[PDB]
Undergrad: 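My questions will all concern the structure given below.
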Amino acid sequence: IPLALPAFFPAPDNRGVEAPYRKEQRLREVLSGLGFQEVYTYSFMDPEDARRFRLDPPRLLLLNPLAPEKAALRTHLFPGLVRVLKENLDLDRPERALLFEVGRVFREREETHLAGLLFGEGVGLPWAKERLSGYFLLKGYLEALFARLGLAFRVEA
Amino acid sequence: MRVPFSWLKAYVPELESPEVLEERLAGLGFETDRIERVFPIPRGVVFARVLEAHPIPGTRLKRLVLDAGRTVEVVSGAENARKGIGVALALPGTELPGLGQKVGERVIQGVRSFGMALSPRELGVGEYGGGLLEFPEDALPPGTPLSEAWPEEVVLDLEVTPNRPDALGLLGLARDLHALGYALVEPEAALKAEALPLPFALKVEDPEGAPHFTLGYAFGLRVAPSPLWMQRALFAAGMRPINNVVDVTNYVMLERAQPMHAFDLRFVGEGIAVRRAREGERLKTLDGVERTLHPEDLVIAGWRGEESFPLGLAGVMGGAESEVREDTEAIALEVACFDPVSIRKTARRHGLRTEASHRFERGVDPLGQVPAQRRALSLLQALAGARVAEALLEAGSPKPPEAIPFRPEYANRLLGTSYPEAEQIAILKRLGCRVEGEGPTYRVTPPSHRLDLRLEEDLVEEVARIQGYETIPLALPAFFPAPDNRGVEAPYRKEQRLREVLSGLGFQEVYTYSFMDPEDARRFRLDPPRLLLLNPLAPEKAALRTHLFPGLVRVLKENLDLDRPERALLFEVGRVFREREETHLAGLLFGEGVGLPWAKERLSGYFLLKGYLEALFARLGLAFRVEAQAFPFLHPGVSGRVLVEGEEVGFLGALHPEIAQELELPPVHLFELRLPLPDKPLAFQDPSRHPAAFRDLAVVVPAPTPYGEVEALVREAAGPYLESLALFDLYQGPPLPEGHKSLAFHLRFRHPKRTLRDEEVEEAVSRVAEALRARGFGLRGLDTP
Amino acid sequence: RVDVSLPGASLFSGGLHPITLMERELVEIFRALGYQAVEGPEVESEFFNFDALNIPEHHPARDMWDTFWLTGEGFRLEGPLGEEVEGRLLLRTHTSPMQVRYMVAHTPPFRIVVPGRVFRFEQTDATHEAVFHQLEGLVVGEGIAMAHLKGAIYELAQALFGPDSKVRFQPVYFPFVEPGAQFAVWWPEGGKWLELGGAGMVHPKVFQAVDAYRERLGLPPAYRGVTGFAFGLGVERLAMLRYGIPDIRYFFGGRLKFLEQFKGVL
Amino acid sequence: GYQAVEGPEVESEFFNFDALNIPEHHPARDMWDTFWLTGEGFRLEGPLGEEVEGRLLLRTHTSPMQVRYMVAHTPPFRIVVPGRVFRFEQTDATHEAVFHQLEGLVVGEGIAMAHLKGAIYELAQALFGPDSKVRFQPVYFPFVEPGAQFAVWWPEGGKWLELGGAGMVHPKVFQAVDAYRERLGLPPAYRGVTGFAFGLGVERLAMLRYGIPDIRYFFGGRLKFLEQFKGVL
Ligand SMILES: COc1ccc(C[C@H](N)C(=O)N[C@H]2[C@@H](O)[C@H](n3cnc4c(N(C)C)ncnc43)O[C@@H]2CO)cc1
Ligand SMILES: N[C@@H](Cc1ccccc1)C(=O)O
Ligand SMILES: N[C@@H](Cc1ccccc1)C(=O)O
């Protein structure tokens, strides 16, 4: 069978159909550069964590899970992140960490989520003492992200 | 060039309208920049006959006695006002495009001026207002509204590209439209010539300058105003009518892209000589300008005995003297083909741009002179009652154009069309090509007027434009690219990502001119720019920038004057020049810093910028570090070079205070690197699961010693199991050996497989403690509870 | 003295996950060939995951995918046109169901590539995962032939492994294609034949399912006079061979010491 | 299918003009107001790194890259070369001495004008939507024949925008390319191929697309201006 390449003008409604996918990809890249480290965590969740992390119970369950720990479909993204922060603090001792993860969450309807995690001493001169850390550090970064995305940002109580 | 619809319509009688004409011409390759309706002439303006002109005593005005149906009187100060001509009479009550205030009966120097005679400017047909419009005395029945013989006209501003010099003549344009299918009407130069010798000779002393030169002879001339139709035509094309002979030479020029000039024989002598000009030779051109000729200027001269003199600047402009006027009885008609380059240089040299130079610079039909003579002489015979000799004086013999190979099959292949052969061949004939052979490859020889038709490709374009570019289908090509085209986009992609990472990291991109002020080489203290502009836009932009940061500091300044940014983190990627063209990346930091706005503490200056850069490289996955080194434009105290993957590529530091001073600016921090940055392969390091060893200890060192040496010394000695190594504290003070400091170092060791025993660490740490002293440093950090 | 070689403010430096990197490169390669990337949902109905792809139930062919079935009301799964759909929910066992969703929502000719997370009930070891990624390919239109599928993969190989690279096609079975095929690429450095994925000419029944769902939805048929090819390749297997990663479990592991290693490759 | 490659801003008359069928003292060379340069010590390298000679200048367009690429590679291929260009002109509201262009070059057997029209058509669709359309009219360029200018229909503005020029690579360009090749030891590679090229102005397009009134801002440096595009990334 010979090798060949097809040539054709795509039907009109195929125009810009890649917009959505491109949009999210840039978000990852901006985040990646801004300072956030990308993480990939399983879509599975421990039904128990609905209690632990204090969340509404998962809506979808597995009639044949790999184990009770992975018997439901994650409802949030942050829980998985807190977990990886933990197991990261046990294998190696990161003095800090700025993570992020984009993933599909399930609840009434499947939706895409972006979650981030901050932790540690903070930012500043290592040999010095002062530090930029905690809430406002993370809020700063987010303000940047949105200034960069060109979107209005603010956090109310 | 201006294209008067009704004039063009004389060659292409079937033209639909100015609008359809603009469409036709657009598809032929001629874009119109404007369509304009031009001669609105009110009912009040009638044709009048000047029965007599009486000078009013004590003034420089004349009382004109006009026959405008009934006799009327008008006062005029125009020097051309005189008995025996026809004029444009604006009767009392007429509203003219200019004055805005009606024309009326008015008393001037003792006489009742019943309206006024008009100049081209007052009637609105031309810019000239220095005299009255001059018409043939019998042009019309006295009192006839002028509009009846001078309708409004529509004129297109046509763009005529350099490749279509033939299109610089209305008949040229007509040929293209003819190719589209319009009937073409070529004027028939009907001559009633007479066989007799020309009372002068021709001597072309410079055949390179004048490859073809002809002279026509017309005598028995009755110099007078051109017919109304010709004046309307000339005015619409932007030219001012002078008299029938001169006008005929301008009309034919515009008709067939062939400049020509009638020389009054009175000044010719025994003959005309086309020769180079003798340096110092003077010549008063017909524009009234008194000039002096250069030896490179081709000239049209005459001679009388041992005298030789300039009559005109060849192919550019004729002289003031031999120029045709009312007492001229006979002339020598110059119709030639001059050397483009020659006319080009001359025209520039004397700052002249004429309808003639323009055409000769673009090119003229190498074999169009004789037919052009016929046309002009024919017209001269009809409009000036001229007698014409059947012979012409001719020098030069251009060879006809050669045949071009043409394959209908290739035309369709090149275009991606499928025009049947018969249509292709017919198109070429409509345009005046000779087509021979049976196919598949024909012999097509173009008309001498088409200088742009030499290759088979030129011929395919003829088919394409006449069939119409819109009839060419749309398609997309499919093919496997040749092997060496693989990944050729890598470089470009690499730099683009760098911009995006930077853009996201926080740096704001800026674009600054590649030009630089030669002066700044001094100001910003840099080696002088190597490349300069032999024709800069201004002395400020006379050289090619050698660095990128200077431009950045400048924009920081002008930014601080228009708006008052309390800070700013910029960056710019651009081409710098010096010994070789190279790509540079430069950044700029300035302002209070980063932190809580409502608070007080701040992260700013050098280390802030160094932090960001460390990030950038951590993100790029490349080794980074800045060692000490001074740079004229930096601060001896805050200055160092940049090392990427252990390779110098630029600098980093605070701008020189002094430099900041001459430019009146706060402390500015910045860096500049050379792209592309080094590339480090991925040698994936599998992380060991076994726990790692945690150990601390400070180091005592002199205030000078760079953090560099210490880190490297400590590291290289740490052994092949040293995982981490970071600085967490600096003291330098009491109670330390005055003139020294301490460096807090967090350390970690790990092992691929097996775990590490306190013995391997406590022992390997020693291999560093004593080598730390062999250099002249101690370990203040000892015994920590 | 102002030590310039001293550590600066510890601003954070981010990075992208190795699968994101691999997926990106794969998408870039196919974009250059005219393919556009669209994603699908991870929770699918049996209809799109199986039935529409000619994989009926109690079918010995349905065993080629170890499915994770789901339970729970309140969840509203939307179809290609936002319409709510029904059927036994599951975690897609491949990206293929997106071929169907796209075709009912658009019209030929077109070129798509659909990346995405997929799930299969399996024991997670060194070279096996229950949760991995695939990249689908779908090109439909008049006169689209297998010569084009081979051409596509050939360009994929060249872009991925250089000019000394080559691809091989062997017949293999898939309910959604016919002719069916598995393709392998020649990786010069490793001097080995790597098996990348499967492909074939869209099966006649797939087009029928598509147009049937269309009419049942009011749209007119759009696939009766067209043909097409489809392919699907595993992302991890490729990412591993390309970034020299030994254990496939790391991807979802979360070790920063691991992820951080790809800040370089962006 | 196009791949992006860049060229140098400082070029020799040979690549900028002569190789592109634009001889000196040519009335056609006036379509570009050139910035000539001076100074020794500067070493301009050719397509194969070799040092080249000739009167230096600032490229008046990106077109010279068409030539550099063709001598360094072999057909068939598709390239697009973006880049900063310079022309001696008075900088106003819609004119600049320093702007940007994007070249296009596709060469190979059987490459026809139908493909050039197809390319621009896709450009328009991608840029202005399905209600978009392109128009081609003959125009002159020494490096192409047939020659052409193309305009696109911008629905929102309801106007015909003139974007750039294009055509089938001129027979003399291929000859210059292969001549330089042999003079360099490489074998001819363009005798049995055809191709199309196009060039379009970036600023004009950026302006119409981001609603920018003054072209001088691009090089102006006003943060209040640049900052306005953080959104569009
Ligand atoms: C030297 O070789 C030439 C010169 C001119 C031409 C062009 C044109 N056929 C033609 O009308 N040739 C010449 C001239 O005939 C005409 N003309 C225009 N105005 C005047 C004038 N005054 C205003 C006082 N006096 C004498 N001639 C005048 O302007 C044209 C421009 O030179 C061709 C060859
Ligand atoms: N979905 C198939 C891959 C494939 C896609 C498309 C066509 C053929 C094969 C699998 O899981 O193996
Ligand atoms: N270089 C041409 C544009 C162009 C490129 C390629 C082909 C045709 C035209 C210009 O400056 O206008």
Side-chain angles (χ1 to χ4, degrees), chain B residues 128 239-243 245-254 258-264 285-288 298-300 311-325 333-336 338 352 354-357 359-360 372 376, chain C residues 53 64-65 92-97 99 118 120 134-138 149 172-177 180-182 197-203 229-234, chain D residues 20 31-32 59-64 66 85 87 101-105 116 139-144 147-150 164-170 196-201:
Chain B
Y128 183 64
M239 297 193 74
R240 192 181 101 212
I242 278 65
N243 57 55
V245 176
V246 168
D247 289 1
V248 155
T249 64
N250 281 130
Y251 186 85
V252 179
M253 167 177 67
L254 296 188
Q258 174 65 76
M260 51 171 68
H261 185 76
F263 283 99
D264 191 329
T285 50
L286 55 64
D287 57 8
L298 213 192
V299 144
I300 293 299
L311 287 174
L313 228 195
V316 178
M317 178 182 280
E321 265 204 300
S322 53
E323 79 180 351
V324 168
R325 301 175 223 67
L333 222 199
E334 169 236 335
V335 187
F338 294 111
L352 282 172
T354 70
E355 297 291 342
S357 58
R359 292 177 171 67
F360 283 121
Chain C
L53 296 167
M64 308 176 111
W65 293 276
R92 55 176 174 185
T93 59
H94 50 182
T95 32
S96 293
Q99 289 180 208
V118 296
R120 294 191 200 177
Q134 287 187 163
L135 187 111
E136 288 287 307
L138 184 62
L149 161 63
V172 79
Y173 174 66
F174 285 109
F176 32 105
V177 293
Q182 64 180 57
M201 300 315 275
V202 174
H203 193 289
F229 64 71
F231 64 66
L233 50 68
Chain D
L20 296 167
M31 308 176 111
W32 293 276
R59 55 176 174 185
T60 59
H61 50 182
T62 32
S63 293
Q66 289 180 208
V85 296
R87 294 191 200 177
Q101 287 187 163
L102 187 111
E103 288 287 307
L105 184 62
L116 161 63
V139 79
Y140 174 66
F141 285 109
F143 32 105
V144 293
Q149 64 180 57
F150 59 84
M168 300 315 275
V169 174
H170 193 289
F196 64 71
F198 64 66
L200 50 68

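Chain letters run A, B, ... following the sequence lines, proteins first and then strands; every chain starts at 1. First listed ligand is number 1; within each ligand, the first listed atom is number 1.
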Undergrad: Tell me which part of D:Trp32 gets within contact of ligand 3: side chain, backbone, both or neither, using heavy atoms under 4.0 Å.
TA: side chain
Undergrad: Does some non-hydrogen atom of B:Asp287 fall short of 4.0 Å from ligand 1?
TA: no
Undergrad: Answer with yes or no whether B:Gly312 contacts ligand 1, where contact means a heavy atom under 4.0 Å from a ligand atom.
TA: no
Undergrad: For the pair D:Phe143 and D:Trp32, name the ring-plane relationship: parallel under 30°, tilted 30 to 60°, perpendicular over 60°.
TA: tilted
Undergrad: Check ligand 2 against C:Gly198 and write out every atom of the ligand that is under 4.0 Å from a heavy-atom position of the residue.
TA: 4 (C), 8 (C), 9 (C)
Undergrad: Contact between B:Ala262 and ligand 1, counting heavy atoms under 4.0 Å?
TA: no
Undergrad: Could you establish whether B:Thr354 and ligand 1 come within less than 4.0 Å of each other, counting only heavy atoms on the residue side?
TA: no
Undergrad: Taking heavy atoms and a distance under 4.0 Å, where does C:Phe176 meet ligand 2: side chain, backbone, both or neither?
TA: side chain
Undergrad: Which part of B:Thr249 is near ligand 1, with near meaning a heavy atom under 4.0 Å away: side chain, backbone, both or neither?
TA: both
Undergrad: Touching ligand 1 at all, B:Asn250? Heavy atoms, strictly under 4.0 Å?
TA: yes
Undergrad: Report the member of B:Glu323, B:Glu334, B:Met253 with the shortest heavy-atom distance to atom 1 (C) of ligand 1.
TA: B:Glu334
Undergrad: Counting only heavy atoms, tell me which of B:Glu321, B:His261, B:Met260 gets closest to atom 8 (C) of ligand 1.
TA: B:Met260
Undergrad: Residue-level breakdown please: for C:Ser96 versus ligand 2, do any non-hydrogen atoms fall below 4.0 Å on the side chain, on the backbone, on both, or on neither?
TA: side chain
Undergrad: Could you find the nearest protein heavy atom to atom 12 (O) of ligand 2 and give me its residue, atom name and distance?
TA: C:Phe174 CE2, 3.6 Å
Undergrad: Using distance alone, determine whether D:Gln66 and ligand 3 share an N or O pair under 3.5 Å.
TA: no
Undergrad: Could you list the atoms of ligand 1 found under 4.0 angstrom from a heavy atom of B:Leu313?
TA: 1 (C)
Undergrad: Could you check if a side-chain atom of B:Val252 sits within less than 4.5 angstrom of a side-chain atom of B:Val335, using non-hydrogen atoms only?
TA: no
Undergrad: Identify the closest protein heavy atom to atom 11 (O) of ligand 3: which residue and atom is it, and at what distance?
TA: D:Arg87 NH2, 2.8 Å
Undergrad: What part of C:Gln134, side chain from CB on, backbone N/CA/C/O, both or neither, has a heavy atom under 4.0 Å from ligand 2?
TA: side chain
Undergrad: What protein heavy atom sits nearest atom 28 (C) of ligand 1, and how far away is it?
TA: B:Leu286 CD2, 3.2 Å
Undergrad: Would B:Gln258 count as being in polar contact with ligand 1, using the rule that some N or O on each side must be under 3.5 angstrom apart?
TA: no
Undergrad: Rounded to the nearest 0.5 Å, what separates atom OG in C:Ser96 from atom CG in C:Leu53?
TA: 5.5 Å
Undergrad: Which bit of D:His170 is near ligand 3, meaning a heavy atom under 4.0 Å away: side chain, backbone, both or neither?
TA: neither
